[PDB]
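So the structure is just underneath, and the comments pick up after that.
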Amino acid sequence: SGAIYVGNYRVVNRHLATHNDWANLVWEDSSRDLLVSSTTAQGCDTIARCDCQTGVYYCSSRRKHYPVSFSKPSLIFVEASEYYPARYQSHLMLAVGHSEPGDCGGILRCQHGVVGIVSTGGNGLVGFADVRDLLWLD
Ligand SMILES: COc1ccccc1[C@@H](NC(C)=O)C(=O)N1CCC[C@H](C(N)=O)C1
Ligand SMILES: [Zn+2]
């Protein structure tokens, strides 16, 4: 689990969005595994606007932060799960690092701010849903 809180927006993995997120829906994209909802209180986070390919992410299954080298946002095949059919997920960045299904929502950050959140993984890989292109979050 995990969310980004920026301005009057809450960014979460679409497959983990609550009844409340859907009732205050601003934008969602099944192909990116992202959902944005509106909030009344002002958020604590700031978004990176950069081309960084190194950063640090929080891994809840280890209660630890790990440094990562990650690929540019791209279209990657993701096997069927209990939440989605087999499909291509867009705006996804892969990296070598530990992740388990419940790690989704962990924030990836560079020196410029929030880059994205954990969305995929398996076998020593961790994938992050990019949010740096969503300029309207600011
Ligand atoms: C953090 O994700 C994982 C970690 C370890 C193992 C497996 C995973 C993920 N499976 C894959 C095929 O990437 C996973 O559990 N997902 C279920 C929820 C939706 C996710 C998505 N489609 O973006 C996929
Ligand atoms: Zn950066």
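Once every DSSP H run of n ≥ 4 in the chain is given -39500 (n - 2.57) and the sum is divided by its residues, what mean residue ellipticity at 222 nm do you get, rounded to the nearest 500 deg cm²/dmol?
Result for the chain: -500 deg cm²/dmol, rounded to the nearest 500.
Using a Gaussian network model on the chain with a 10 Å cutoff between Cα atoms, which of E82, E28, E100 fluctuates the most?
Of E82, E28, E100, the Gaussian network model singles out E82 as fluctuating most.
At 0.36 nm per residue, and after removing the present C-alpha to C-alpha distance, how many nm does the segment from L135 to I76 gain when stretched out fully?
Computed gain between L135 and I76 is 19.0 nm.
What net charge do the residues around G102 carry, taking every other residue with its C-beta under 15 Å from that of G102, with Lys and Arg at +1 and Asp and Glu at -1?
Overall, the nearby charge balance is -1.
Taking θ = phi - 60°, what integer Hz values does the Karplus form 6.51 cos²θ - 1.76 cosθ + 1.60 yield along region 8-14, in sequence order, with x for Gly and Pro?
With coefficients 6.51, -1.76 and 1.60, one gets 9, 10, 10, 9, 9, 5, 4 Hz.
Relative contact order of the chain, please, whole-number percent, based on alpha carbon pairs below 8 angstrom and at least 6 residues apart.
25
Using modelled amide H (1.01 Å from N, peptide plane; none on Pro or chain starts), what sits under 5 Å from the amide H of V114, excluding residues fewer than 5 places away?
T46, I47, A48
Cβ under 13 Å from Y88's Cβ, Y88 left aside: what net charge do those residues give with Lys, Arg +1 and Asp, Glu -1?
Net charge in that neighbourhood comes out at -1.
What full-extension length gain, to one decimal in nm, is calculated for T39 and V96 as 0.36 nm per residue of separation minus the Cα-Cα distance?
17.2 nm
List the residues, sorted by chain then number, that are 5 or more residues from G121 or on another chain and whose placed amide H is less than 5 Å from its amide H.
When sequence neighbours closer than 5 places are left aside, the close amide H contacts are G127.
Under 10 Å, Cα contacts only: if you run a Gaussian network model on the chain, which one of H112, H65, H19 comes out with the highest mean-square fluctuation?
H19
So what does log10 I(q)/I(0) come out to for region 3-44 at q = 0.25, 0.34 Å⁻¹, using the Debye formula with one equal point on every Cα and no solvent?
-0.77, -1.22
Taking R0 as 25 Å, what's the FRET efficiency between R62 and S30 from their Cβ-Cβ distance, rounded to 0.05?
My answer for the efficiency is 0.30.
Out of all Cα-Cα pairs in the chain, roughly what percent, to the nearest whole number, are more than 23 Å apart?
27
What are the trypsin sites (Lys or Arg not before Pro) within region 18-95 that DSSP puts in a loop, where the Cβ has at most 15 other Cβ atoms within 10 Å?
Here the trypsin sites (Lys or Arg not before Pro) that fit, given the DSSP loop and packing criteria, are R49, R62, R63.
Hey, rough spin-label estimate for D51 and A86, points 7 angstrom out along Cα→Cβ, what's it come to in nanometres?
3.5
Within region 45-138, what percent of beta bridges assigned by DSSP are antiparallel, to the nearest 5?
95
Cβ coordinates were reconstructed from backbone atoms using ideal geometry, including for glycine residues, and neighbour counts include every protein chain displayed. No value in this document is a laboratory result; all are computed from the given coordinates.
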